[PDB]
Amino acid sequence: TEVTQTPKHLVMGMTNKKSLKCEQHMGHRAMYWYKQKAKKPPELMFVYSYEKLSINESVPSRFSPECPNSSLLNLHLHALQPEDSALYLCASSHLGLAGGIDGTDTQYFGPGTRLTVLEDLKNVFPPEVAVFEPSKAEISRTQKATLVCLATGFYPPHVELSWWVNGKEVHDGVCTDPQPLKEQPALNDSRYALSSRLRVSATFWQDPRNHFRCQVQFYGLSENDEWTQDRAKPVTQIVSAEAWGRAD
């Protein structure tokens, strides 16, 4: 009882060809594509009724949608432009026949394809990670210890941060910035930074056999892409920083 969409992230240039997939298994016969630019509302692109295009909101031809089955709506992409960077949202809803019942045909949305389209692939950089240890003052005054992890210098701004303690991912006592932060706020193609906090008891941080790892999953170029620099090709990758609990 949900809509799936793949890929969840996508970085392309102005030459690549790619395709977004949308799938539902509720029996819905109305399917929809919406485009959500950053800090803007979602905007209709396409509507399909019974697998046939009903609405095309003047979407430029380089977007080529397609409905091979009732459960599946594709969007084929080629020759995109940087202004096409957006969150592409799939939706679906019941559509009853003529003279049939009129219910609340609520639209249910997929999780969306985060799409970044670059003028040049030069712009893509992976995060640098560092971990900062809790201060003696904090432990002495709160009997608590707050680690901070900080990812810096990355582009595009879609990364996934998690904390791993003694090998197992933790969720309690975590706080991650809901949104990244521009490092050069006056520039079009700014690189980005994101910070997270993990807070534990004073004893736990002082236990020197406890490991703390901050993990940043970066979404960048895939293997089919063509890198043209002595820098390392920024493939979808994991960058990490670690710290040992210490006796102080």
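Start at 1 and count along the sequence shown; that's the residue number.
Note on 6 to 14 vs 224 to 232: mean CA B-factor is higher in 224 to 232. For the pair 72 to 80 and 120 to 128, the mean B factor over Cα atoms is greater in 120 to 128. When the Cα B-factors of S61, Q217, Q184, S196 are read from the PDB record, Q184 comes out highest. Reading the B-factor column for the CA atoms of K35, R209, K40, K52 in the entry, the top value corresponds to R209. In the deposited entry, the Cα temperature factor of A137 places it in the middle third of its chain's modelled residues. Residue-level temperature factors show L95 in the middle third of its chain, judged at the C-alpha atom.
The entry lists a Cα temperature factor for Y108 that places it in the lowest third of the chain's modelled residues. When all modelled residues of the chain are sorted by CA temperature factor, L87 is found within the lowest third.
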